[PDB]
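Everything below concerns the one structure shown next.
Chain IDs A, B, C, D, E, F, G, H and I follow the sequence of writing; residue 1 opens each chain.
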Amino acid sequence: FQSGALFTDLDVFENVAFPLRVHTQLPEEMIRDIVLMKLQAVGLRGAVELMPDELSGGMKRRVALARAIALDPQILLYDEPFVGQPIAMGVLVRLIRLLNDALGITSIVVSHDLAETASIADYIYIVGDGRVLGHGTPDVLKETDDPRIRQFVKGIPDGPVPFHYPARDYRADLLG
Amino acid sequence: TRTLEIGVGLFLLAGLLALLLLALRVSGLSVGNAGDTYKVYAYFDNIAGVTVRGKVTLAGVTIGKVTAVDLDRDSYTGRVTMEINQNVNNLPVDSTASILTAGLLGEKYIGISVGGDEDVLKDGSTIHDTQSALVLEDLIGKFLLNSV
Amino acid sequence: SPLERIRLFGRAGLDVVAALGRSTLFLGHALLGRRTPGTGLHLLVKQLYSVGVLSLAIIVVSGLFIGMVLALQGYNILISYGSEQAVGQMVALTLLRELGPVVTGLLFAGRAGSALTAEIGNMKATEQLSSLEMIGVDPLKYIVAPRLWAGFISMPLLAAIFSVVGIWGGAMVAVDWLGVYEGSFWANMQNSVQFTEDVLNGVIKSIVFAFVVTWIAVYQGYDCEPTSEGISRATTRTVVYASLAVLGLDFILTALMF
Amino acid sequence: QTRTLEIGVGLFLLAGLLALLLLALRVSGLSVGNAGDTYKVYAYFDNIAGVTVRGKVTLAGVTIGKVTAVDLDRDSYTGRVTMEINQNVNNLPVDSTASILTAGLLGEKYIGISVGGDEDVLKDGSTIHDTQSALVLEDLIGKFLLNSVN
Amino acid sequence: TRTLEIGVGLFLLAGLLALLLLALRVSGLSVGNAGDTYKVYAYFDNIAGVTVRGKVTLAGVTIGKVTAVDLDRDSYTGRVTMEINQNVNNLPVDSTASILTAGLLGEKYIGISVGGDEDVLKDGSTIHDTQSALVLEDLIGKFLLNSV
Amino acid sequence: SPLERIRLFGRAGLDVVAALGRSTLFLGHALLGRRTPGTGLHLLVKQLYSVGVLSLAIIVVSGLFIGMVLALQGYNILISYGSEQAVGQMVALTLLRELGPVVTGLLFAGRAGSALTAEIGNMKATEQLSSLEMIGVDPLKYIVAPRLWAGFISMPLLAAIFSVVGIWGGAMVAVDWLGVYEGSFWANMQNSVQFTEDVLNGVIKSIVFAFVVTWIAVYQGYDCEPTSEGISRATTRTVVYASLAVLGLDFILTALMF
Amino acid sequence: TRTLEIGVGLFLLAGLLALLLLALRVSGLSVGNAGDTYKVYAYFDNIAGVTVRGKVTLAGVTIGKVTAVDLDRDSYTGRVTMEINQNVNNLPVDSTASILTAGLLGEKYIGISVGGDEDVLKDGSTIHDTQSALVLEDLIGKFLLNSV
Amino acid sequence: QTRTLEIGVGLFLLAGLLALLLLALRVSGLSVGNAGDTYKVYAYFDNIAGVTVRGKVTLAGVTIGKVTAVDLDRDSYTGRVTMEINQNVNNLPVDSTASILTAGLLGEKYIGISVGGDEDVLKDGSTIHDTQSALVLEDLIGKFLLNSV
Amino acid sequence: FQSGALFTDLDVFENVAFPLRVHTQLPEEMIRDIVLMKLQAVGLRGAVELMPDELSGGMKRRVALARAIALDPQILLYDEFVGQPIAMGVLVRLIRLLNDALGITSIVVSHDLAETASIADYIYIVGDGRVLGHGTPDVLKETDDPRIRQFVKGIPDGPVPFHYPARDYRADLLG
């Protein structure tokens, strides 16, 4: 999740170890090795000591990613993975791809930030007002000519989604 | 999901108004708008512990309340006016009314003894004979200085 | 419009009962639902620390102050009547049979009823709870279950400590400050307490408060809206309700036993 | 269809809570066996100054029952107190007398009973025959000072 | 950690000790005073002011509390069963226990006298003679009407 | 390490003083600093309805409950001492000099002390306050100043309403439920109240703690850390501190007038 | 809006009305209560229990309250100043003023016994004779030591 | 150094809070309108069973001051009660006596003073010469029951 | 300010009007014209009715931009476009339109480097207490400053450490 969703009452070590101690009864020494290698893979190995509020906002998400990749899931979902970044956002967008190509695990990056999504995405979707508004590879979705999707994939402030709000004519608005 | 919403709203409004009215009726003593207790008067020489809203009684059992007490400006005595439960309507006129004391240290109530036997009452009339309340100072003056 | 205001009022009225029933289902699923893998007694201990042990200085200092208030006051009113030895009995009777558990429910709804909803509603806003079901641990059993257990078995203990410190502080101001005869305090105290109607009475009145306080404090947080203001509104709703669930339920518990 | 179930459970517990906890009403103190069963009797007195309801009747100090009601009989202008008697204590003879006594010195005026001397006991719903009425401070001091000392 | 467990245990013990203090010390309950005490029965003519958990004493000092009071179906007297601490076990059988009033207006406890030098006790037996508890009514009756 | 724990303790000690002085400077700059352009009486009214009028149902229902409790209790304690017609003055002494204002300070620290710290503390997290100084309106005078004035002039009023409803509810349970003689309630009540030591006493005791209740409730919000958890910790610190400053300050205020 | 400025003002009025109820219908200072009253002096030899805001009475019913107690520097006696209701303005000068103990353990109230004389008062004048408040020490000294 | 000024003001407020406790601050039996303008006096009694501190001393019922302390003089084995007297009352002669009375029947045992007659009054810090001590119930009932009746 | 920093007790109209009623005493009908034309400029003209919590996240920022541009300031700084594409587009178009049209200085302060450089003309970088260089977006794109080339691009590892200060991957893992 964005903002990490880190268990506040647990330290970073027990935080990353939590998915282990749930589905698995492993020796507390073997569990530490699994937690340590994970925290290394995200770079947050040195902070195996801290509490999730003693961590900066950027690193709070990497330890949560390490908690996720614990137990070695085969798919893993990233909600708002790259919201508030630039160097922090770079390491995270590199990790979400490394974890995919290396571990061969399905990644579902779900963020409104289109640039970096399309950067790492391979089959990007668009969801709008209850229905999937098309989908495809990032380039085939770049010029699909769907007014809503061409309005989303680019800036284009005005389009199917109204730029102006539903009000009365401005001419008479201040006149009357 | 819209017809019963306003229904529960009106149910709750009526319940709140019901609570308000069932609370309000405590003041304005809740025996309708008036009661059924007829008055009577009594003249004492000292009512030291007969402050308002005491108990009047016969044979120990409470008959009614003491409504008011007053220093009648002519005789310098005490006029006590007291309500009587309407069922209690057979005390003869010659009945006496003396200020007793609740147990040993309780608030002084007034107790009526039947006295004689004649015309009962008008229930709003006045009592004639009585024994006034005791005062500890006169008591000890009679006991110590006079007798002993 | 009036037709709009009454519709909004009826919607809130039915919504209240919807929440009153959802809270009951939540308490059910929390207390006796299942046994999820992440549970244990370590959770209950960690909670008992944050709910009771952290709430220990507040209620102890408050019990001392309310005791040296009760005594410093009743001595003043009872001297007029003439009864003076019994200040130890009167001070103890009010605190042990009523005001003790009530003020403990007011301070436990305030400290550990707000620091409980805030702690379990921030757990909802930051997706700390949603990230538990997707792990596979039922948050009602891993997060809510120890918090409810910590409240049930700490607020009666805090109320007993409150009554003890209040009685002792009332002694320390009656005896050492107001100069009433020392031994008479505890003597007049213990001959007229009637344990089954003062100690066990207040203790049941405090248990009843703890179940209704730690549940409307653990639910208000679990069912807040996930935002920095939804949490701050829930941590106020849980003080209001848990003060109304302390006072009102104390009126219904003291009608049962005067 | 969840919200409907939630409202149903709210009504269920809410309806149950009011009946189980409130209504502040009639006693159900194990009315399945022996009820703490008590049968009334009447007692004619002459002054009942402090036998107010929620008092106690007794024999030789230990409680026998409570006073249920006090009444002024409109004919004799005297007091009739109706009280309860524990079922196990059911050997109170007829000429046994009642008398208003005081607990300690400033206690509530209860009604003690002294055993009489006949065989037949009661129907537990009859009245008493003779008694000693309650004393009052005014009559007490009037008989003390004015007659005996003076 | 372990300091959390230590604190939780410490203050869990503190609360339970405060409960046991409110029970044993503040209320004056059985457990501390119960210990090892042996019962004794006593027949009185009137027990007007002795209540359960009322002290039993000798020469002024408490030896235990009374346990229960009974109205015997046979002799119409009061049978009080009372505990007595084990250490005090030299009370003779011919001893006369009576009902005394603590101070002047305190509760009526039971104080026992010295019963000569015959067989001591069975600690579960009954006492033979007594002096019943006084009552104000018979007191003032014998004082005013008969003597003066 | 121990040398670390004691350093942290001393830091927390000196910081508690630093904050207690910063709060005084804050109250000064808020109450008598200047007159910023955005001020008026409309702010005080808008804050008077959110600090007092919204806190009206809680304290009214609580006063009714606590009154029917104090009467339903003291009657049981008074039924043994013969002072039966003296239960009226009890629900008007044990509810008008010490418990009325104290329980009102406990419910006003809980509702409008926690709903005023999570409302003035959530404005600091969302930069609602910082966006005021950059407009040019001193937030201490536009935001904090009205809340300070709507606490000062509402908690004594709420305490008076609390005492009135508590007295009336005690009547409604003594008279209509417990059957004590109606007129004696108010009669025995008003002959032994001694206004200058009961009514004005409790009213000054309510102004004192009530002023403190809305000063350490509007400061803890203003000096929280701007995050969804800093606000939730401040809205708990302001219930703890405003319960201590109600109880202990009531001891300090009752030691002056018994 | 005005939906609040009326709500706010409504309850700003409700609270002030509650304050006035506390000051008037809960304490009874002055709405029709004790009003125009005129002062009277009294010289006593001992006022041991006569406190401020007492009750000066006649025939049991209250006449007013006592205002101030003082030790006169010349005769070392107790000068009390007390209020007398305006409706009661027919007390003769020769009338006596004793200090009677209310009931048996109540507060010491001043009680006036009418002597009977054509001249009444100036309501601002003083009383001539009295009977001082009794003290138990001298009482029992005359009882035990002197009398018997 | 803002923290320095904040701590300074916090200490200034803590100081007033320390003096806000008012645990027996002013010491008297009444308000300061009358003031503390009182001077001591001693009294030798034989039995002071109920003359606990912070009581009252009076003449003709109206209070004069409050008792300050009670002492046991190790030489003559009697009681020495030291009390205060309001300055406006400065006319109590030496030959006057003090005696422990009781407020009503179950009140606190105050001490009254009976004025005799003599020109010289006091030095307000001297000691009284005669008295009548406080009677206990036991000596009273012993004198009553066994001796007279 | 990011998240709107909208006065909750005030509605959108009085929200936008607040800077006017402070420095200015204008007729309440003239304040309405400016608030109306200011809210229409951001596109949030129809929601002159709502409360700031009845507004969506992205829409709430637009009303704040209107409150800011009230009184017609000559410079305006928007700390934190973030956590929102179509909305971000209208916002990044408005911060430029308000600049070129009104001729007002804009100080965009956001981490989102891409869109910043998109609208920025002289972009700065602030790090560990000191300004770490500055310049036009392209001259800052390849300044060869290790910290600034590490910021202006992804490059997870550089002057700012990717790894935390651990002890040893051989020792801590085995010891």
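As a working rule, a contact is a pair of C-beta atoms (placed from the backbone, for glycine too) under 8 Å apart; a residue touches a chain by one contact, two chains touch by 3 or more.
Both chain D and chain E are touched by C. At the far end from chain E, in terms of centres built from Cα atoms, lies I. Note: centroid distance chain F to chain I, computed from Cα atoms, is 41 Å.
Per-chain Cα centroids separate chain A from chain E by 77 Å. One inter-chain figure worth recording: chain A and chain F are separated by 46 Å, centre to centre, where each centre is the mean of the chain's CA atoms. In chain C, the positions touching at least two other chains are 14, 46, 82, 122, 126, 229, 255. Those residues of chain I in touch with two or more other chains are numbered 8. Within the complex formed with chain C, the residues of chain A that make contact are 1-9, 18-19, 21-23, 79. Interface residues of chain F, counted against chain G in their complex, comprise 45-46, 48-49, 52-53, 56, 92, 96, 153-154, 156-158, 160-161, 163-164, 167, 186, 189-191, 193-195, 198-199, 203. Within the complex, the chain H residues that touch chain F are 3, 5-14, 20-23.
Those residues of chain F that touch chain B in the shared complex are 82, 85, 168, 171-172, 175-176, 181-184, 187. Interface of chain G with chain B (complex): residues 57-61, 63, 87-88, 90, 98-106, 109, 111, 114, 131, 134, 139, 142-143, 147-148.
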